[PDB]
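Single chain ahead, written as structure tokens, the form deposited in one PDB entry.
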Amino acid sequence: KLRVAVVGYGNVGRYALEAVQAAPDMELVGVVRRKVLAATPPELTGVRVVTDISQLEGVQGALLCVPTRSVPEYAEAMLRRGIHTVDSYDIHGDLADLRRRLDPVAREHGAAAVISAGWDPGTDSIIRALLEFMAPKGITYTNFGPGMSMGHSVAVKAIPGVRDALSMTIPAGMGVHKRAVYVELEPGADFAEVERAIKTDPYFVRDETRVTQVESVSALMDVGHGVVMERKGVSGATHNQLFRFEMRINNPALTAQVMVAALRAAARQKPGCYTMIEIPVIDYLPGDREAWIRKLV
């Protein structure tokens, strides 16, 4: 049974606690937070919560449920302690570089790191790889939403006159996305100004963006999300092969569960850093291989 720690008790972190507790081959040693207040969250009543992973006895693996930009530093800190790490780093543009950066650190400390192990990047990545070799010629389209965007939401809220905001990702089709922004204005903030400020912002200038002022943004929030991946391609020399994959899921819940499966896999790999398509899928399953082969193949 793998001794694991949840690092970062945020949205994903809260679901990670549950995923670890539900895992048959793992034991939750504790949670690592930046601060630990006297008032204990109800669900953490019988859970060890500290600020230093060192105080969690025999930790073998860590789920890095921290902000994207904090992942690099956290992974290196855990790896240098010989602790296997998993994160759902979501920047497609440079996770490949993150992989090269963490590989030597992981190896030199006898640990394994699996990066970008959420649903996208993550499991969606595996699916895209499958579609790619099943029909080498053609185009795969990944359509996200409806669901909220963390990055886009923060960007809008950082605008003067904006008390709080919600940015919805809407699938327009063929891999194109539009934005539906909902904003809660400050004292005498002018909507027109805020509206153009949003549409102009580099985060929305590239896509069709619509803005709406609301009384309460919190009243509109839901972490449900989804994706539709499609490919029309050529298998060998045979055209029009049609594939479609769709999910309607709780975003953080799925991410945390995939992270758990990835940490299970990490503990079984040779020291180094890996993305999800570099690990045999059976390594994400608990227990002996034989039974899974008979049940799933």
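All residue numbers refer to positions in the sequence shown, first residue = 1. Here, rigid core means the biggest group of C-alpha atoms that superpose within 1.5 Å across both forms.
One more form of this protein, deposited in another entry, exists but is not displayed; see below.
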- After the core is superposed, which of these residues, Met221, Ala96, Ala129, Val214, moves its CA 2 Å or more between the shown form and the other one? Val214
- Cα displacement of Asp164 between the shown form and the other one reaching 2 Å, rigid core superposed: yes
- Task: Would you say whether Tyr141 is displaced between the shown form and the other one, judging by a C-alpha shift of 2 Å or more on the superposed rigid core?
- Result: no
- Item | Core-superposed C-alpha of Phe204 shifting 2 Å or more between the shown form and the other one | yes
